[PDB]
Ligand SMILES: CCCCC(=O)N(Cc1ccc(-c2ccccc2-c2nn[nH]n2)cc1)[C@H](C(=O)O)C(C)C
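The data below hold one chain only, encoded as structure tokens and taken in the form deposited without this ligand.
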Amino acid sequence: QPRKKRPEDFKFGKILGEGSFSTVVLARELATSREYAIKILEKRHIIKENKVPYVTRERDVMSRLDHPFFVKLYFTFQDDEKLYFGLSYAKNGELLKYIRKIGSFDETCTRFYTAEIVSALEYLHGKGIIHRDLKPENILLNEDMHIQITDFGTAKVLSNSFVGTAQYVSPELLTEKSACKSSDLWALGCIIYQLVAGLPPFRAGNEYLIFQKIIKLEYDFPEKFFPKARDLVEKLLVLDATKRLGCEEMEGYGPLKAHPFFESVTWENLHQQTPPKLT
């Protein structure tokens, strides 16, 4: 590989995002003119907080991902106080940003971007990995407007430690501290609802209220909801995780990709296709 890089190799700029144990900063590599999104983590804070297992697992999962619908790790290096991860810069930002600005997607865009997410999850789960915190803030759009899914600190590599954003948490989490590939499919059913309705399916004044509706399966479809989308969503937001379309007990991604909502989809070269214009 090329020699290890250093902070001094980069012109740092704009902060792209702030996590709890990391900041992501836009950097341009001097020698190449390339722009990376560099995730910076301070060792003391990680060690103090007992996150070494999470930082490690993050780097490790990201090293194993070789697929266009995922953020790529290009390099890592380290000074005395900090860790740096050279990641793909997603030029167009969060999917949630677009949900906000156009309110919700028409059927073509829902179907295109839903399909990409399904195809991303098929690959991920193929390698025995659970994202565990899938959501519109985690799904970035590169400058071609294809998705790039990020944020793998909280991911789990198959062979129950209490993660998740409230809106997208699956029942089994609230019930057994359990998580499986189907937890991600739950999140999918939530994200789909949100693409169409323009809003997460379970919403309440606070986390506890949210968790209540979730385990009760307490949410409703607006009348304008595309029927074939609604139908698919109903086969994902199933309290029983062994009966969610797309999971191993349901015989996997074949039946999920076969679902009528995806009738017009060509799964085979999704990232070669030209994304429908939003809105």
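Start at 1 with the first residue shown and count on from there.
Another form exists, deposited with this ligand bound; not displayed. Remarks below refer to it.
- Of the heavy atoms in residue 78, some are within 4.5 Å of this ligand in the entry with it bound.
- By the criterion of a heavy atom within 4.5 Å, residue 6 is excluded from the residues contacting this ligand in the entry with it bound.
- Shown alone here, residue 56 lies within 4.5 Å of this ligand in the entry with it bound, counting heavy atoms only.
- With a 4.5 Å cutoff on heavy atoms, residue 85 counts as touching this ligand in the entry with it bound.
- Site residues 43, 47 and 52 are all in contact with this ligand in the entry with it bound, judged by any heavy atom within 4.5 Å.
- Just one listed stretch, out of 215-223, 234-242, 247-255, 56-64, contacts this ligand in the entry with it bound at the 4.5 Å heavy atom level, and that stretch is 56-64.
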